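**Student:** First the structure, which I've put down as structure tokens, then a few questions once you've had a look.
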Amino acid sequence: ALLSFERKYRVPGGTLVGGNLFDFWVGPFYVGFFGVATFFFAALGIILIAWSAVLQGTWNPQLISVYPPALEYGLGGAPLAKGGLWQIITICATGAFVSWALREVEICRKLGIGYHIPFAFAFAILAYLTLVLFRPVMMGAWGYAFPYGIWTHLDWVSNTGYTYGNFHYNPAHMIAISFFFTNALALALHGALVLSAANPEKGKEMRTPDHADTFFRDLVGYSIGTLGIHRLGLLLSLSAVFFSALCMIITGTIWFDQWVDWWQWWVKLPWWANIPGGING
Amino acid sequence: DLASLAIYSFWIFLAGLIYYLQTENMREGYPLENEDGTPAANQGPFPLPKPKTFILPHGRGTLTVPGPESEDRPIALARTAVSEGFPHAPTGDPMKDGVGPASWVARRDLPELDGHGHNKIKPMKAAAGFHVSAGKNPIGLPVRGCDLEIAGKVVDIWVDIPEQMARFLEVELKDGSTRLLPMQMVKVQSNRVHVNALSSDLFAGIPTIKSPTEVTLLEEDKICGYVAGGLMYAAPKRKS
Amino acid sequence: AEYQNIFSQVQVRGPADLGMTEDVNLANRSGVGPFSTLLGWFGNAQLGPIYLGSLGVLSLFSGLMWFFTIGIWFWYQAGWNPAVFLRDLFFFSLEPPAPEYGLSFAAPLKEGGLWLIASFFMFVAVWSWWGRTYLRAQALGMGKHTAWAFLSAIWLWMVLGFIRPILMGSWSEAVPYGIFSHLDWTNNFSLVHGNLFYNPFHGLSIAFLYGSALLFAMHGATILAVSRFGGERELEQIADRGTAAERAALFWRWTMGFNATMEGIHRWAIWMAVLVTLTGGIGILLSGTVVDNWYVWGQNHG
Ligand code: BCL
Ligand code: BCL
Ligand SMILES: CC[C@H]1c2cc3[nH]c4c(c3C)C(=O)[C@H](C(=O)OC)c4c3nc(cc4[nH]c(cc(n2)[C@@H]1C)c(C(C)=O)c4C)[C@@H](C)[C@@H]3CCC(=O)OC/C=C(\C)CCC[C@@H](C)CCC[C@H](C)CCCC(C)C
Ligand SMILES: CC[C@H]1c2cc3[nH]c4c(c3C)C(=O)[C@H](C(=O)OC)c4c3nc(cc4[nH]c(cc(n2)[C@@H]1C)c(C(C)=O)c4C)[C@@H](C)[C@@H]3CCC(=O)OC/C=C(\C)CCC[C@H](C)CCC[C@H](C)CCCC(C)C
Ligand SMILES: COC(C)(C)C(=O)C/C=C(\C)CC/C=C(\C)CC/C=C(\C)CCCC/C(C)=C/CC[C@H](C)CC/C=C(\C)CCC=C(C)C
Ligand SMILES: CCCCCCCCCCCC[N+](C)(C)[O-]
Ligand SMILES: CCCCCCCCCCCC[N+](C)(C)[O-]
Ligand SMILES: CCCCCCCCCCCC[N+](C)(C)[O-]
Ligand SMILES: CCCCCCCCCCCC[N+](C)(C)[O-]
Ligand SMILES: [Fe+3]
């Protein structure tokens, strides 16, 4: 049940809501008021999802799919079988997510650490809200949201993309991808760096951080340092997801045409717009 | 076909890999225990990994994990219920006792050494060539506690020579003794240094270091521990 | 609020650090560079020194040759006009030889030869730099994690412009050097193989990419959350568990039911990132050599 050093940490307090009421654990897990909140939202949501599955007449997970209301319903409510169920399920997800974040906050307090983790998570939550709330509202129907199904959701991605041409040309999409790639790169090296220091060559003594710093200074002529790379990681990650939201929130709202075409602005600057030759002249 | 082969293969690879990953993270704090310290009955599907021994750099010995675990300090906590899973209430002053968000681990009572075998962290007055290259130099500014009362002054910056990083502010109290304050728990302002976790009256309780030009892993933990714990336990004294 | 430790609030500088000297040929290391106070607010302010050596120079020279060989081609396309060059910079493209030449090294220069030269230069640039990551580690007595991690990346690149073009029978199947052109090639590569979303490696690869972000978010925010206990000093924490490591592990145990150790978390890390291009490489390799259309394959499984 407890890690060899856990007991002295399991003291009362830190709860945001409800005092000592839910201030307790279940196996390794911490409950807290929000422990309960998330459970309830999670229970409800899964139920509704199964209920959608009978109306659909399949129990096969590769097939199950809960779709939003069709565009004709705009931002109004829709019949269960006709889009209501997704709308509730979406409400329930949100409930789950936010609650899961606030529990993280409550654990943070009991342990006496910073709130960076709940913090970073809120970016994930905000990306999800962008795709099922902010964008549809702004566009004008729940129908612009993505459906909850394993492959159907990949389909929405593909269809929504190809609507504006090759989505690769969405400029904030370019930026968002550069982080995803960059972050992975940085996770790769950070993990590798620490391990190589902690797990050297056979029979050798554990390297020191100083060796870690030297290794990079030797490799590319600069080392951000131990504190740096952790600040770096948090940032690349949060940024990747920040730009991911951005590229979507603008798509279909302030730009509805082909993304490639938006680049004509550059190429049509009057100082070289008419100069012959090249690719565009 | 080949493709089918490859993907089935991979899902198998991936499964033994997680297994590996998982057993490696079982190198500390395992095996599990009951609230009374007796070994718990259900330790999960995963076995303890076979021990590994770390050879430490400045003839400081070896470390073998997993290995015999022991807190090596008495814990001042008492059960608040008759069944498992409820908090344990401090039986004294959690701060003074070092439980809760004020907990510290019995790390070695030796300082962390640099790549050369010198003390990694030093008061800047003893660090030959170091200076505040940017930002507000704290040195000389009053330390204000969450109760909005002055507790001491900044009489030096203990720097991390290898990372050229400020780790702690050395604060002079009203009785002429000094304490270390983690850099990460204070806001350096234009005319003062503000500490939200501790009220002026608790600065004296901050554990002291035995030698004035060195800190040990044990003393770092006891200090950081203490200051962090203020956040929850000084709470009645904090106003804003 | 409280202080968050995303940016330093006081910079402290000392004599330039020339580093650990283990088995390293000190003759090759450079001189210390300046110090960016800019950088200093985020991480380390000290630039340099850097280790040159034989492999560094070869790598660094081939590296520039590659880049320049592409550059002259762009200029030739731009009508040597600096204005067009700027206008049309992302439209220019150095394309592989036509399918006609196959795996031939005899394609005319304007018709694909120049692409081979550039690649040959890149091939050399990259491998030497790989050997560089390895040696730099050896000379400090360190594990070779970094070189092996690097090898994963190399895998996907090897497969894209070398191994797959060769197994298909022609260089024309490789990726063109160009900003918009390599985007198009990607988009088109999926169309031709029946939508890469049905390539289960592609799907796996995305999971590990998404995951890398998830994890580096988790790890980073955690270490920052406990830096108030010297969390960032991970090697000593491994060697002697501090409260930092404890609070870290527990926050996570209490949230989701299990947890890492300080050495452990970094194994999760290196593998989550390395699996991105590992799986990736495989998904692409089978694409068009063994499987012509992932949707059809998806219907049968064979
Ligand atoms: C954000 C970008 C796009 C999108 C584009 C894609 C693309 C492109 C792909 C996926 C893939 C996946 N997507 Mg998606 N996906 C989106 C939004 C979502 C949402 C959401 C609520 O917002 C979720 C939960 C998922 C979940 C998933 C997984 C089924 C799968 C692997 C992801 C992964 O490894 O992440 C990293 C996270 C982890 C490793 C942590 C553990 C995650 C586990 C796997 C979560 C599974 C949840 C799932 C089974 C449903 C549970 C819900 C109920 C409680 C039962 N996507 C939006 C619309 N998604 C890949 C796939 O192969 O699936 C077809 C794929 O190729
Ligand atoms: C229309 C587009 C198609 C499609 C077609 C492809 C194709 C084609 C490929 C991918 C690939 C990938 N796709 Mg896909 N993909 C689509 C939609 C998506 C979506 C989505 C819809 O949300 C997502 C999230 C992804 C995500 C991804 C990545 C997981 C994956 C590449 C990982 C990587 O990091 O490589 C980045 C890393 C590298 C390329 C390694 C290179 C390393 C070298 C050595 C670097 C050298 C640098 C050089 C020498 C210059 C030096 C630098 C200078 C000094 C500055 N795809 C659709 C279906 N996708 C790749 C893959 O693996 O697929 C299975 C791939 O080949
Ligand atoms: C495991 C997967 C991820 C990964 C890992 C990875 N990559 C790696 C490593 C590892 C573990 C290394 O050790 C190695 C490295 O040394 O990094 C520091 C590398 C590396 N990955 C790199 C790039 C890279 N990795 C990528 C991807 C990924 N790498 C994956 C996501 C990508 C993409 C496309 O996503 C890129 C672009 C290099 C930084 C480095 C390998 C360097 C190399 O091989 O150099 C060879 C040649 C040269 C010396 C060329 C130099 C020519 C330049 C001077 C021209 C450009 C001039 C330009 C205009 C300059 C200005 C830039 C401004 C920003 C200031
Ligand atoms: C912001 C950067 C990245 C990030 C960070 C991040 N994620 C995080 C955190 C952080 C910092 C956490 O602390 C938290 C965590 O605890 O991790 C272990 C979390 C987490 N990220 C998760 C998943 C996740 N994160 C993702 C993405 C990312 N997370 C980013 C790329 C993704 C994808 C698709 O990329 C996924 C799948 C969880 C493992 C965990 C949060 C767990 C949680 O919220 O529990 C509460 C909810 C439930 C128990 C289930 C609720 C059931 C619903 C009511 C119904 C189901 C509806 C759903 C909409 C159906 C979708 C079906 C699909 C097929 C489309
Ligand atoms: C300012 O102007 C001057 C001229 C000074 C410049 O220098 C400007 C230069 C620029 C304009 C340069 C611009 C360069 C880019 C736009 C480059 C973009 C490159 C990419 C987007 C590349 C993407 C993908 C590349 C891939 C996957 C390459 C793979 C290569 C290989 C695996 C190598 C394979 C080897 C070959 C075929 C030959 C092997 C032969 C043997 C004998 C072994
Ligand atoms: C966090 C809330 C998320 C809700 C997701 C969608 C709910 C749609 C609410 C509309 C209900 C009725 N209406 C049209 C009268 O407003
Ligand atoms: C590092 C361990 C975590 C790995 C995450 C494994 C779950 C990913 C599930 C992806 C679903 C994939 N597939 C093959 C059907 O496309
Ligand atoms: C993917 C999530 C995995 C989480 C693993 C959690 C381990 C819990 C150990 C069993 C505890 C049991 N319980 C709840 C019945 O008391
Ligand atoms: C895709 C990520 C999935 C994470 C893998 C799940 C590992 C669960 C380990 C549970 C450990 C149980 N224990 C011993 C803590 O009680
Ligand atoms: Fe780390």
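So you can find residues: chains in the structure tokens are A, B, ... in the order shown, residues in each start at 1, and ligands are numbered from 1 in order.
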Please build the interface table for chain C against ligand 9 with a cut-off of 8 Å, listing for each qualifying residue the nearest atom pair and the distance in Å to one decimal; count only C-alpha atoms and all ligand atoms, order rows by chain and increasing number, and write it as a Markdown table.
**Tutor:**
| residue | atom | partner | partner_atom_place_in_ligand_line | distance |
| --- | --- | --- | --- | --- |
| C:253 | CA | ligand 9 | 15 (C) | 7.6 |
| C:257 | CA | ligand 9 | 15 (C) | 6.2 |
| C:258 | CA | ligand 9 | 15 (C) | 4.3 |
| C:259 | CA | ligand 9 | 15 (C) | 6.8 |
**Student:** Just N, CA, C and O atoms for this one: save the residues we selected as a tab-separated table (two decimals), in the first residue's frame.
**Tutor:**
chain	number	residue	atom	x	y	z
C	253	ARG	N	2.20	9.30	-7.89
C	253	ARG	CA	1.59	8.08	-7.37
C	253	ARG	C	0.15	8.41	-6.94
C	253	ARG	O	-0.80	7.69	-7.27
C	257	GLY	N	-1.56	6.55	-9.71
C	257	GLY	CA	-1.48	5.20	-9.15
C	257	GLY	C	-0.14	4.48	-9.19
C	257	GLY	O	0.03	3.41	-8.57
C	258	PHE	N	0.77	4.97	-10.02
C	258	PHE	CA	2.12	4.44	-10.05
C	258	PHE	C	3.08	5.61	-10.28
C	258	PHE	O	2.67	6.77	-10.16
C	259	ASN	N	4.38	5.33	-10.42
C	259	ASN	CA	5.38	6.39	-10.45
C	259	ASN	C	6.77	5.95	-10.86
C	259	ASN	O	7.03	4.76	-11.10
**Student:** Name the residues, by chain letter and number, that sit within 6 Å of ligand 1 using only C-alpha atoms and all ligand atoms, and give them as an MDAnalysis selection string.
**Tutor:** (chainID A and resid 128 150:151 154) or (chainID C and resid 197 203:204 206:208 210:211)
**Student:** List as a tab-separated table every residue of chain C that is in contact with chain B, defined as an atom at most 6 Å from one of its atoms (using only C-alpha atoms), together with the nearest atom pair and the distance in Å rounded to one decimal, sorted by chain and then rising number.
**Tutor:**
residue	atom	partner	partner_atom	distance
C:10	CA	B:135	CA	4.9
C:11	CA	B:134	CA	4.8
C:12	CA	B:132	CA	4.4
C:13	CA	B:130	CA	5.4
C:14	CA	B:130	CA	4.2
C:228	CA	B:184	CA	5.1
C:229	CA	B:224	CA	5.3
C:242	CA	B:105	CA	5.7
C:243	CA	B:105	CA	5.4
C:260	CA	B:25	CA	4.9
C:261	CA	B:25	CA	5.0
C:264	CA	B:25	CA	4.8
C:302	CA	B:1	CA	5.2
**Student:** Could you save those same residues with C-alpha atoms as an mmCIF file, in the first residue's frame?
**Tutor:**
data_model
loop_
_atom_site.group_PDB
_atom_site.id
_atom_site.type_symbol
_atom_site.label_atom_id
_atom_site.label_comp_id
_atom_site.auth_asym_id
_atom_site.auth_seq_id
_atom_site.Cartn_x
_atom_site.Cartn_y
_atom_site.Cartn_z
ATOM 1 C CA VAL C 10 19.481 37.141 -10.461
ATOM 2 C CA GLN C 11 22.361 36.320 -12.712
ATOM 3 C CA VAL C 12 25.663 35.352 -11.192
ATOM 4 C CA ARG C 13 28.886 34.962 -13.402
ATOM 5 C CA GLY C 14 32.473 33.669 -12.654
ATOM 6 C CA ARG C 228 12.584 24.405 -4.366
ATOM 7 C CA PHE C 229 14.351 21.249 -2.966
ATOM 8 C CA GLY C 242 16.269 13.757 -1.557
ATOM 9 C CA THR C 243 12.826 14.889 -0.564
ATOM 10 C CA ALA C 260 8.987 6.775 -11.550
ATOM 11 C CA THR C 261 12.362 7.093 -9.827
ATOM 12 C CA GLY C 264 13.667 5.771 -14.067
ATOM 13 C CA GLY C 302 -2.463 -8.888 -45.272
#
**Student:** Output the contact residues of chain B with respect to chain A at a cut-off of 8 Å, based on only C-alpha atoms, as a ChimeraX atom specification.
**Tutor:** /B:29-35,37,40,42-43,54-57,69-71,75,77,85-90,99-103,114-115,162-163,228-229,231-232
**Student:** Got a sec to tell me which of region 51-127 of chain B DSSP assigns to strand (DSSP E), as a ChimeraX atom specification?
**Tutor:** /B:52-55,62-65,77-79,88-90,121-123
**Student:** If you keep N, CA and C atoms, can you produce a file of those selected residues as a JSON list (two decimals), in the first residue's frame?
**Tutor:**
[["chain", "number", "residue", "atom", "x", "y", "z"],
["B", 52, "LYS", "N", 21.42, -3.06, -8.76],
["B", 52, "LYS", "CA", 22.49, -2.39, -9.52],
["B", 52, "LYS", "C", 23.28, -1.49, -8.57],
["B", 53, "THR", "N", 24.56, -1.46, -8.79],
["B", 53, "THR", "CA", 25.47, -0.73, -7.92],
["B", 53, "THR", "C", 26.16, 0.42, -8.66],
["B", 54, "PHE", "N", 25.96, 1.59, -8.07],
["B", 54, "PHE", "CA", 26.54, 2.85, -8.55],
["B", 54, "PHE", "C", 27.83, 3.14, -7.81],
["B", 55, "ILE", "N", 28.82, 3.34, -8.60],
["B", 55, "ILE", "CA", 30.13, 3.71, -8.13],
["B", 55, "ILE", "C", 30.21, 5.25, -8.26],
["B", 62, "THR", "N", 29.89, 3.45, -2.78],
["B", 62, "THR", "CA", 28.94, 2.85, -3.73],
["B", 62, "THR", "C", 27.51, 2.94, -3.21],
["B", 63, "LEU", "N", 26.59, 2.74, -4.12],
["B", 63, "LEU", "CA", 25.16, 2.71, -3.82],
["B", 63, "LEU", "C", 24.54, 1.55, -4.58],
["B", 64, "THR", "N", 23.86, 0.71, -3.84],
["B", 64, "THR", "CA", 23.20, -0.45, -4.45],
["B", 64, "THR", "C", 21.69, -0.36, -4.23],
["B", 65, "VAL", "N", 20.97, -0.35, -5.35],
["B", 65, "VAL", "CA", 19.48, -0.28, -5.39],
["B", 65, "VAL", "C", 18.89, -1.32, -6.28],
["B", 77, "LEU", "N", 3.97, 11.27, 13.82],
["B", 77, "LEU", "CA", 2.63, 11.18, 13.23],
["B", 77, "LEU", "C", 1.80, 10.14, 13.92],
["B", 78, "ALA", "N", 0.56, 10.44, 14.01],
["B", 78, "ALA", "CA", -0.36, 9.52, 14.61],
["B", 78, "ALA", "C", -1.56, 9.37, 13.72],
["B", 79, "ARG", "N", -2.00, 8.15, 13.70],
["B", 79, "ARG", "CA", -3.17, 7.74, 12.94],
["B", 79, "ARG", "C", -4.40, 8.55, 13.40],
["B", 88, "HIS", "N", -2.49, 11.09, 8.66],
["B", 88, "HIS", "CA", -1.79, 10.92, 9.94],
["B", 88, "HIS", "C", -1.46, 12.31, 10.44],
["B", 89, "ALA", "N", -1.96, 12.60, 11.60],
["B", 89, "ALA", "CA", -1.82, 13.94, 12.15],
["B", 89, "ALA", "C", -0.51, 14.11, 12.90],
["B", 90, "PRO", "N", 0.19, 15.25, 12.72],
["B", 90, "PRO", "CA", 1.39, 15.54, 13.48],
["B", 90, "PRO", "C", 1.06, 15.55, 14.94],
["B", 121, "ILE", "N", 28.63, 24.06, -4.05],
["B", 121, "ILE", "CA", 27.98, 25.30, -3.61],
["B", 121, "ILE", "C", 28.84, 26.03, -2.57],
["B", 122, "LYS", "N", 28.93, 27.35, -2.76],
["B", 122, "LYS", "CA", 29.76, 28.23, -1.91],
["B", 122, "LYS", "C", 29.16, 29.61, -1.67],
["B", 123, "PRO", "N", 29.41, 30.24, -0.51],
["B", 123, "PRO", "CA", 29.02, 31.62, -0.32],
["B", 123, "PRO", "C", 29.82, 32.39, -1.33]]
**Student:** Please return, as a count of residues only, all residues of chain C lying within 7 Å of chain A when only C-alpha atoms are considered.
**Tutor:** 60
**Student:** List as a tab-separated table every residue of chain C that is in contact with ligand 2, defined as an atom at most 9 Å from one of its atoms (using only C-alpha atoms and all ligand atoms), together with the nearest atom pair and the distance in Å rounded to one decimal, sorted by chain and then rising number.
**Tutor:**
residue	atom	partner	partner_atom_place_in_ligand_line	distance
C:63	CA	ligand 2	49 (C)	7.1
C:64	CA	ligand 2	54 (C)	8.9
C:66	CA	ligand 2	49 (C)	8.7
C:67	CA	ligand 2	50 (C)	8.4
C:122	CA	ligand 2	49 (C)	6.1
C:123	CA	ligand 2	49 (C)	8.2
C:125	CA	ligand 2	49 (C)	7.0
C:126	CA	ligand 2	49 (C)	5.9
C:127	CA	ligand 2	44 (C)	8.6
C:130	CA	ligand 2	44 (C)	8.9
C:150	CA	ligand 2	44 (C)	7.8
C:151	CA	ligand 2	44 (C)	8.4
C:152	CA	ligand 2	40 (C)	8.1
C:153	CA	ligand 2	40 (C)	4.5
C:154	CA	ligand 2	44 (C)	4.6
C:155	CA	ligand 2	40 (C)	7.5
C:156	CA	ligand 2	40 (C)	5.4
C:157	CA	ligand 2	41 (C)	4.7
C:158	CA	ligand 2	44 (C)	8.0
C:159	CA	ligand 2	66 (O)	8.6
C:160	CA	ligand 2	66 (O)	6.5
C:183	CA	ligand 2	2 (C)	8.1
C:184	CA	ligand 2	1 (C)	8.0
C:185	CA	ligand 2	8 (C)	7.3
C:186	CA	ligand 2	8 (C)	4.0
C:187	CA	ligand 2	1 (C)	3.3
C:188	CA	ligand 2	1 (C)	6.5
C:189	CA	ligand 2	8 (C)	5.2
C:190	CA	ligand 2	3 (C)	5.1
C:191	CA	ligand 2	1 (C)	7.3
C:195	CA	ligand 2	58 (C)	5.7
C:196	CA	ligand 2	58 (C)	4.6
C:197	CA	ligand 2	58 (C)	5.1
C:198	CA	ligand 2	58 (C)	8.5
C:199	CA	ligand 2	64 (C)	7.3
C:200	CA	ligand 2	64 (C)	8.4
C:201	CA	ligand 2	64 (C)	5.8
C:202	CA	ligand 2	64 (C)	3.9
C:203	CA	ligand 2	64 (C)	7.5
C:204	CA	ligand 2	29 (C)	7.9
C:205	CA	ligand 2	29 (C)	4.6
C:206	CA	ligand 2	29 (C)	4.0
C:207	CA	ligand 2	29 (C)	7.5
C:208	CA	ligand 2	29 (C)	7.3
C:209	CA	ligand 2	29 (C)	5.5
C:210	CA	ligand 2	24 (C)	7.4
C:273	CA	ligand 2	34 (O)	8.7
C:276	CA	ligand 2	32 (C)	5.7
C:277	CA	ligand 2	32 (C)	5.5
C:278	CA	ligand 2	62 (O)	8.0
C:279	CA	ligand 2	62 (O)	7.0
C:280	CA	ligand 2	62 (O)	3.2
C:281	CA	ligand 2	62 (O)	5.3
C:282	CA	ligand 2	64 (C)	7.1
C:283	CA	ligand 2	64 (C)	4.5
C:284	CA	ligand 2	64 (C)	5.0
C:285	CA	ligand 2	64 (C)	8.5
C:287	CA	ligand 2	64 (C)	8.7
**Student:** Taking only C-alpha atoms and all ligand atoms and a cut-off of 10 Å, can you tell me which residues surround ligand 6, written as number ranges by chain?
**Tutor:** A: 68, 73-78, 84, 86-95, 98, 129, 132-134, 136-137, 141-142
**Student:** Among region 6-198 of chain B, which residues carry a DSSP assignment of alpha helix (DSSP H), reported as a ChimeraX atom specification?
**Tutor:** /B:6-24,94-97
**Student:** Find the residue from A:96, A:49, A:61, A:161 that sits nearest to residue 37 (chain A); use only C-alpha atoms when measuring.
**Tutor:**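 Closest to residue 37 (chain A) of all the choices is A:96.
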**Student:** As a compact mmCIF listing (two decimals) with C-alpha atoms, in the first residue's frame, please: the residues near region 94-105 of chain C (cut-off 10 Å, only C-alpha atoms, same-chain neighbours under 6 positions excluded).
**Tutor:**
# COMPACT_ATOMS: atom_id res chain seq x y z
CA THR C 69 25.03 22.92 -53.55
CA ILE C 70 21.29 23.45 -52.95
CA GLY C 71 21.76 27.20 -52.63
CA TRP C 73 20.59 25.61 -57.64
CA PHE C 74 18.00 27.96 -56.05
CA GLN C 77 16.32 28.89 -60.71
CA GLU C 111 18.03 16.63 -64.40
CA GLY C 112 18.94 15.04 -61.04
CA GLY C 113 22.75 14.85 -60.77
CA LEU C 114 23.00 17.88 -58.64
CA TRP C 115 20.57 16.22 -56.18
CA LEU C 116 22.87 13.21 -55.86
CA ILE C 117 25.85 15.45 -55.10
CA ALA C 118 23.92 17.28 -52.40
CA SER C 119 22.72 14.02 -50.89
CA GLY C 161 16.15 9.21 -48.99
CA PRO C 165 14.58 4.68 -52.99
CA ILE C 166 16.97 1.73 -53.39
CA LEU C 167 14.37 -0.99 -52.56
CA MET C 168 11.88 0.63 -55.01
CA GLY C 169 14.42 0.72 -57.82
CA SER C 170 14.88 4.50 -58.32
CA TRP C 171 16.13 7.68 -56.70
CA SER C 172 12.99 9.46 -57.95
CA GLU C 173 11.18 8.01 -54.92
CA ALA C 174 13.37 10.15 -52.59
CA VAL C 175 12.58 13.53 -50.98
CA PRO C 176 13.44 16.79 -52.93
CA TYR C 177 15.39 19.50 -51.18
CA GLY C 178 12.93 22.41 -50.83
CA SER C 181 8.31 20.83 -52.22
CA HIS C 182 9.13 18.43 -49.33
